[PDB]
């Protein structure tokens, strides 16, 4: 019934894209969100230690002792993001090992952040066929969030790295 789900999703049964709303917890400590979720991170009962800001501009969070890490990524179809995969997944892995919650976000929480989260989940897959796991993670996250890594260059780079 998961095979049926993936096969229908993969042969023309995708929904129209919608903007994500609430944050999505993806692992014990790692969360995916948009700019509003980042602005709300200092007041979240999750107790974030880090925020990974993938937008083009640095910002600060006044009351907060959160450590904001800035990695500006370009959401277009020519620019490389693969040079960041290993450093980003190693940092996210460390947060999960240390139980230090981290929010990964861009502006809409679809492409730049979605791609780093997809890379992390691929990097943690030890038991499944990478092709199957990619389809499962892709379709399941898109259905949960409304839109997820719509950028086809980003999907291509993740496939080249992990599949």
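Residue numbers count along the first chain shown, from 1.
Per-stretch averaging of Cα B factors for 127-135 and 96-104 places 127-135 on top. Judged by mean Cα B factor in the deposited record, 7-15 ranks above the other of 137-145 and 7-15. Across the options 115, 52, 46, 61, the residue with the most elevated CA B-factor in the record is 61. Between the residues 65, 40, 111, 29, the entry's highest C-alpha temperature factor is the one at 65.
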